Every structure is written in C-alpha cells, then in structure tokens.
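Engineer: For reference, the file structure24.tsv (TSV, N, CA and C atoms) is included below:
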chain	number	residue	atom	x	y	z
A	1	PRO	N	-6.40	-2.29	3.78
A	1	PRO	CA	-5.49	-2.79	2.72
A	1	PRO	C	-4.15	-2.07	2.78
A	2	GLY	N	-3.17	-2.60	2.06
A	2	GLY	CA	-1.87	-1.96	1.99
A	2	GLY	C	-0.89	-2.58	2.95
A	3	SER	N	-0.53	-1.83	3.98
A	3	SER	CA	0.41	-2.31	4.98
A	3	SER	C	-0.29	-3.26	5.95
A	4	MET	N	-0.19	-4.56	5.68
A	4	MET	CA	-0.70	-5.57	6.59
A	4	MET	C	0.21	-5.66	7.81
A	5	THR	N	1.49	-5.43	7.58
A	5	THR	CA	2.44	-5.29	8.66
A	5	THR	C	2.59	-3.81	8.98
A	6	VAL	N	2.08	-3.39	10.12
A	6	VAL	CA	2.02	-1.98	10.46
A	6	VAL	C	3.30	-1.50	11.13
A	7	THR	N	3.72	-0.30	10.79
A	7	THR	CA	4.85	0.33	11.43
A	7	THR	C	4.38	0.99	12.73
A	8	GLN	N	5.31	1.22	13.67
A	8	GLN	CA	4.96	1.75	14.99
A	8	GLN	C	3.99	0.79	15.69
A	9	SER	N	4.10	-0.48	15.33
A	9	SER	CA	3.21	-1.52	15.83
A	9	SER	C	3.28	-1.63	17.34
A	10	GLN	N	4.48	-1.50	17.90
A	10	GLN	CA	4.65	-1.56	19.34
A	10	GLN	C	3.95	-0.40	20.02
A	11	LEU	N	3.96	0.76	19.37
A	11	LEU	CA	3.30	1.95	19.91
A	11	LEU	C	1.79	1.75	19.92
A	12	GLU	N	1.26	1.29	18.79
A	12	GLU	CA	-0.17	1.01	18.66
A	12	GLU	C	-0.58	-0.05	19.69
A	13	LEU	N	0.12	-1.17	19.66
A	13	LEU	CA	-0.18	-2.31	20.52
A	13	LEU	C	-0.06	-1.95	22.00
A	14	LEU	N	0.99	-1.22	22.36
A	14	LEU	CA	1.25	-0.90	23.76
A	14	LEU	C	0.10	-0.10	24.37
A	15	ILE	N	-0.30	0.96	23.69
A	15	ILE	CA	-1.35	1.83	24.20
A	15	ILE	C	-2.71	1.14	24.10
A	16	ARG	N	-2.90	0.36	23.05
A	16	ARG	CA	-4.16	-0.36	22.84
A	16	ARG	C	-4.38	-1.38	23.96
A	17	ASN	N	-3.31	-2.02	24.39
A	17	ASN	CA	-3.40	-3.03	25.44
A	17	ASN	C	-3.38	-2.39	26.82
A	18	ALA	N	-2.66	-1.28	26.95
A	18	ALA	CA	-2.61	-0.55	28.21
A	18	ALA	C	-3.96	0.10	28.50
A	19	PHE	N	-4.52	0.76	27.49
A	19	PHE	CA	-5.83	1.36	27.61
A	19	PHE	C	-6.73	0.85	26.49
A	20	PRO	N	-7.62	-0.10	26.81
A	20	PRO	CA	-8.52	-0.72	25.83
A	20	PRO	C	-9.46	0.30	25.18
A	21	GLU	N	-9.74	1.37	25.90
A	21	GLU	CA	-10.65	2.41	25.43
A	21	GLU	C	-9.88	3.56	24.80
A	22	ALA	N	-8.61	3.33	24.48
A	22	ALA	CA	-7.79	4.34	23.84
A	22	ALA	C	-7.68	4.10	22.34
A	23	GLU	N	-7.90	5.14	21.57
A	23	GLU	CA	-7.74	5.08	20.13
A	23	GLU	C	-6.37	5.64	19.74
A	24	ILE	N	-5.52	4.79	19.20
A	24	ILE	CA	-4.19	5.20	18.80
A	24	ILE	C	-4.21	5.72	17.37
A	25	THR	N	-4.00	7.01	17.22
A	25	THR	CA	-3.92	7.61	15.90
A	25	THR	C	-2.49	8.05	15.62
A	26	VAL	N	-1.91	7.58	14.54
A	26	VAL	CA	-0.57	7.99	14.17
A	26	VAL	C	-0.61	9.32	13.42
A	27	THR	N	0.07	10.31	13.96
A	27	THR	CA	0.07	11.63	13.37
A	27	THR	C	1.27	11.77	12.44
A	28	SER	N	1.00	11.72	11.15
A	28	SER	CA	2.04	11.76	10.15
A	28	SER	C	2.05	13.09	9.42
A	29	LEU	N	3.15	13.82	9.54
A	29	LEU	CA	3.33	15.04	8.78
A	29	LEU	C	3.61	14.66	7.34
A	30	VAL	N	2.98	15.36	6.41
A	30	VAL	CA	3.08	15.00	5.00
A	30	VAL	C	4.44	15.43	4.44
A	31	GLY	N	5.41	14.54	4.57
A	31	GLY	CA	6.75	14.79	4.10
A	31	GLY	C	7.78	14.08	4.94
A	32	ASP	N	8.53	13.17	4.32
A	32	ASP	CA	9.52	12.37	5.05
A	32	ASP	C	10.74	13.20	5.41
A	33	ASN	N	10.58	14.03	6.43
A	33	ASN	CA	11.67	14.83	6.98
A	33	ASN	C	11.49	14.97	8.48
A	34	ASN	N	10.25	15.24	8.88
A	34	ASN	CA	9.92	15.42	10.29
A	34	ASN	C	9.55	14.10	10.93
A	35	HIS	N	9.67	14.04	12.25
A	35	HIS	CA	9.26	12.86	13.00
A	35	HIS	C	7.75	12.81	13.10
A	36	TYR	N	7.21	11.62	13.28
A	36	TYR	CA	5.78	11.44	13.29
A	36	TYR	C	5.28	11.25	14.71
A	37	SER	N	4.20	11.94	15.04
A	37	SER	CA	3.70	11.98	16.40
A	37	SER	C	2.67	10.88	16.64
A	38	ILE	N	2.37	10.62	17.89
A	38	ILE	CA	1.34	9.66	18.24
A	38	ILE	C	0.22	10.36	19.00
A	39	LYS	N	-1.00	10.19	18.51
A	39	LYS	CA	-2.15	10.88	19.07
A	39	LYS	C	-3.03	9.90	19.83
A	40	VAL	N	-3.16	10.12	21.13
A	40	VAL	CA	-3.92	9.22	21.98
A	40	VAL	C	-5.31	9.78	22.25
A	41	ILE	N	-6.30	9.20	21.60
A	41	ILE	CA	-7.69	9.60	21.80
A	41	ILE	C	-8.36	8.65	22.78
A	42	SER	N	-8.39	9.03	24.05
A	42	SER	CA	-8.94	8.17	25.08
A	42	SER	C	-9.75	8.98	26.08
A	43	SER	N	-10.93	8.46	26.42
A	43	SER	CA	-11.80	9.09	27.40
A	43	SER	C	-11.15	9.14	28.78
A	44	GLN	N	-10.13	8.30	28.98
A	44	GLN	CA	-9.38	8.30	30.24
A	44	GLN	C	-8.65	9.63	30.43
A	45	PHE	N	-8.40	10.33	29.33
A	45	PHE	CA	-7.72	11.62	29.38
A	45	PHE	C	-8.71	12.77	29.26
A	46	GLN	N	-9.97	12.44	29.04
A	46	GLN	CA	-10.98	13.45	28.79
A	46	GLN	C	-11.52	14.00	30.09
A	47	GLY	N	-11.67	15.31	30.15
A	47	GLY	CA	-12.08	15.96	31.38
A	47	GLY	C	-10.88	16.52	32.12
A	48	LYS	N	-9.74	15.88	31.90
A	48	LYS	CA	-8.48	16.34	32.45
A	48	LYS	C	-8.01	17.59	31.72
A	49	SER	N	-7.48	18.54	32.47
A	49	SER	CA	-6.91	19.74	31.88
A	49	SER	C	-5.56	19.42	31.25
A	50	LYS	N	-5.02	20.32	30.44
A	50	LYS	CA	-3.76	20.07	29.76
A	50	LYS	C	-2.65	19.74	30.75
A	51	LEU	N	-2.70	20.38	31.91
A	51	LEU	CA	-1.67	20.18	32.92
A	51	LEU	C	-1.70	18.73	33.41
A	52	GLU	N	-2.91	18.25	33.68
A	52	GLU	CA	-3.11	16.87	34.11
A	52	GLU	C	-2.64	15.91	33.03
A	53	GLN	N	-3.02	16.20	31.79
A	53	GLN	CA	-2.63	15.37	30.66
A	53	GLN	C	-1.12	15.35	30.49
A	54	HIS	N	-0.49	16.52	30.62
A	54	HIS	CA	0.97	16.62	30.52
A	54	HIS	C	1.64	15.74	31.57
A	55	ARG	N	1.14	15.83	32.81
A	55	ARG	CA	1.65	15.00	33.89
A	55	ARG	C	1.46	13.53	33.59
A	56	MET	N	0.31	13.19	33.05
A	56	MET	CA	0.01	11.81	32.75
A	56	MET	C	0.94	11.29	31.65
A	57	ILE	N	1.28	12.17	30.71
A	57	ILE	CA	2.27	11.85	29.69
A	57	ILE	C	3.62	11.58	30.35
A	58	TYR	N	3.97	12.41	31.33
A	58	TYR	CA	5.18	12.20	32.12
A	58	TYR	C	5.13	10.88	32.87
A	59	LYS	N	3.93	10.47	33.26
A	59	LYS	CA	3.74	9.18	33.92
A	59	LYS	C	4.07	8.03	32.98
A	60	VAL	N	3.39	7.99	31.84
A	60	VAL	CA	3.56	6.88	30.90
A	60	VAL	C	4.94	6.91	30.23
A	61	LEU	N	5.42	8.11	29.90
A	61	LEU	CA	6.73	8.26	29.27
A	61	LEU	C	7.78	8.71	30.29
A	62	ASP	N	7.67	8.20	31.51
A	62	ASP	CA	8.56	8.60	32.61
A	62	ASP	C	10.03	8.27	32.33
A	63	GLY	N	10.26	7.44	31.33
A	63	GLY	CA	11.62	7.06	30.98
A	63	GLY	C	12.39	8.18	30.31
A	64	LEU	N	11.68	9.20	29.85
A	64	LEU	CA	12.31	10.35	29.19
A	64	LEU	C	11.68	11.65	29.66
A	65	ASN	N	12.47	12.71	29.72
A	65	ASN	CA	11.96	14.02	30.07
A	65	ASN	C	11.28	14.65	28.86
A	66	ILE	N	9.97	14.47	28.77
A	66	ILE	CA	9.20	14.92	27.62
A	66	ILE	C	9.06	16.44	27.59
A	67	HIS	N	9.91	17.09	26.82
A	67	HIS	CA	9.81	18.52	26.60
A	67	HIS	C	9.71	18.80	25.10
A	68	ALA	N	9.32	17.77	24.36
A	68	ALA	CA	9.19	17.85	22.92
A	68	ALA	C	7.88	17.22	22.47
A	69	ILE	N	7.32	17.73	21.38
A	69	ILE	CA	6.05	17.24	20.87
A	69	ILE	C	6.24	15.89	20.17
A	70	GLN	N	5.90	14.82	20.87
A	70	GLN	CA	5.98	13.48	20.31
A	70	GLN	C	4.67	12.75	20.54
A	71	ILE	N	4.11	12.93	21.73
A	71	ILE	CA	2.83	12.35	22.07
A	71	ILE	C	1.79	13.45	22.27
A	72	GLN	N	0.73	13.39	21.49
A	72	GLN	CA	-0.36	14.35	21.61
A	72	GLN	C	-1.61	13.66	22.14
A	73	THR	N	-2.14	14.20	23.21
A	73	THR	CA	-3.32	13.63	23.84
A	73	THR	C	-4.57	14.40	23.43
A	74	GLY	N	-5.73	13.80	23.63
A	74	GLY	CA	-6.99	14.46	23.32
A	74	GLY	C	-7.27	15.62	24.26
A	75	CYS	N	-6.74	16.78	23.92
A	75	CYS	CA	-6.96	17.98	24.72
A	75	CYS	C	-8.31	18.59	24.37
A	76	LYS	N	-9.19	18.67	25.36
A	76	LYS	CA	-10.54	19.17	25.15
A	76	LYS	C	-10.69	20.56	25.77
Would it be possible to restate this file's structure as structure tokens?
Structural biologist:
Amino acid sequence: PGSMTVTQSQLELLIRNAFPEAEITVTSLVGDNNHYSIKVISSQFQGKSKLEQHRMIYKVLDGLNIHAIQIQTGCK
C-alpha cells in the first residue's frame, strides 16, 4: 500500500530485469538530507570477495568511477 508509483523505479526495474535472482532493496537513511543507497541482494554476488564485488560494481556502473557509497552489494 501507499506508493503505487514507486520512486527509483528504473533502478529497481533495471536490476530486477538484469538479474532475476537479485533482490533490490532501497537503502534509505532516516532523514531527507543524505542520498539514498541501493542494496543488491543477489546470490550472483555471493561467494565473491569484496574485491570481486567492487569490480563487478565497476562492471555494471562502468559509466562512472565509483569511489563513493551509492551501491551496496551483499557482502558475506
């Protein structure tokens, strides 16, 4: 209920369609001042070390030099 029209819909949809087994969790800091992160919970990233995951983030977000916390992966 509530927001039938979801914000960050392209983010949710993109990862959901790119990885069907990926759970897109929106990481919202409690307070409208900071930017909100996207948390990718996917078994495709599981077993991979942080370094591998970081590289994979660089793969998917290759359009930008990711040196800032925007996308958080399931680090195990």
Engineer: Please report the interatomic distance between CA of residue 25 (chain A) and CA of residue 43 (chain A) in Å with one decimal.
Structural biologist: 14.0 Å
Engineer: Show me, as an mmCIF file with N, CA and C atoms, in the coordinates of the input, the residues that have an atom within 6.5 Å of region 66-75 of chain A when counting only N, CA and C atoms, minus same-chain residues fewer than 2 positions from it.
Structural biologist:
data_model
loop_
_atom_site.group_PDB
_atom_site.id
_atom_site.type_symbol
_atom_site.label_atom_id
_atom_site.label_comp_id
_atom_site.auth_asym_id
_atom_site.auth_seq_id
_atom_site.Cartn_x
_atom_site.Cartn_y
_atom_site.Cartn_z
ATOM 1 N N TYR A 36 7.210 11.620 13.280
ATOM 2 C CA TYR A 36 5.780 11.440 13.290
ATOM 3 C C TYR A 36 5.280 11.250 14.710
ATOM 4 N N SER A 37 4.200 11.940 15.040
ATOM 5 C CA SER A 37 3.700 11.980 16.400
ATOM 6 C C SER A 37 2.670 10.880 16.640
ATOM 7 N N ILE A 38 2.370 10.620 17.890
ATOM 8 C CA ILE A 38 1.340 9.660 18.240
ATOM 9 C C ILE A 38 0.220 10.360 19.000
ATOM 10 N N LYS A 39 -1.000 10.190 18.510
ATOM 11 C CA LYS A 39 -2.150 10.880 19.070
ATOM 12 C C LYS A 39 -3.030 9.900 19.830
ATOM 13 N N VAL A 40 -3.160 10.120 21.130
ATOM 14 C CA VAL A 40 -3.920 9.220 21.980
ATOM 15 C C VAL A 40 -5.310 9.780 22.250
ATOM 16 N N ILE A 41 -6.300 9.200 21.600
ATOM 17 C CA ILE A 41 -7.690 9.600 21.800
ATOM 18 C C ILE A 41 -8.360 8.650 22.780
ATOM 19 N N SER A 42 -8.390 9.030 24.050
ATOM 20 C CA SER A 42 -8.940 8.170 25.080
ATOM 21 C C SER A 42 -9.750 8.980 26.080
ATOM 22 N N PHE A 45 -8.400 10.330 29.330
ATOM 23 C CA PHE A 45 -7.720 11.620 29.380
ATOM 24 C C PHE A 45 -8.710 12.770 29.260
ATOM 25 N N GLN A 46 -9.970 12.440 29.040
ATOM 26 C CA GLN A 46 -10.980 13.450 28.790
ATOM 27 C C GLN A 46 -11.520 14.000 30.090
ATOM 28 N N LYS A 50 -5.020 20.320 30.440
ATOM 29 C CA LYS A 50 -3.760 20.070 29.760
ATOM 30 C C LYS A 50 -2.650 19.740 30.750
ATOM 31 N N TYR A 58 3.970 12.410 31.330
ATOM 32 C CA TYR A 58 5.180 12.200 32.120
ATOM 33 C C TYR A 58 5.130 10.880 32.870
ATOM 34 N N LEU A 61 5.420 8.110 29.900
ATOM 35 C CA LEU A 61 6.730 8.260 29.270
ATOM 36 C C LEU A 61 7.780 8.710 30.290
ATOM 37 N N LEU A 64 11.680 9.200 29.850
ATOM 38 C CA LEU A 64 12.310 10.350 29.190
ATOM 39 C C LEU A 64 11.680 11.650 29.660
#
Engineer: In Å, rounded to a single decimal, give me how far atom N of residue 3 (chain A) is from CA of residue 22 (chain A).
Structural biologist: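 Distance reported for this atom pair: 22.0 Å.
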Engineer: Run DSSP on the backbone of this structure and report the residues of chain A it assigns to alpha helix (DSSP H), as a list in words.
Structural biologist: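 Assigned to alpha helix (DSSP H), within chain A: residues 9, 10, 11, 12, 13, 14, 15, 16, 17, 18, 50, 51, 52, 53, 54, 55, 56, 57, 58, 59 and 60 of chain A.
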Engineer: Please report the interatomic distance between CA of residue 23 (chain A) and CA of residue 8 (chain A) in Å with one decimal.
Structural biologist: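 Atom-to-atom, CA of residue 23 (chain A) to CA of residue 8 (chain A), that is 14.1 Å.
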Engineer: Quick check for you: according to DSSP on this backbone, which residues of chain A are classed as strand (DSSP E or B)? Reply as a list in words.
Structural biologist: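 Put together, the selection reads residues 22, 23, 24, 25, 26, 27, 37, 38, 39, 40, 41, 42, 71, 72 and 73 of chain A.
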Engineer: For region 37-46 of chain A, I'd like the enclosing box, axis-aligned and padded by 8 Å on every side, reported as JSON with centre and edge lengths in Å to one decimal.
Structural biologist:
{"center_x": -3.8, "center_y": 11.1, "center_z": 22.7, "size_x": 32.0, "size_y": 21.8, "size_z": 31.4}
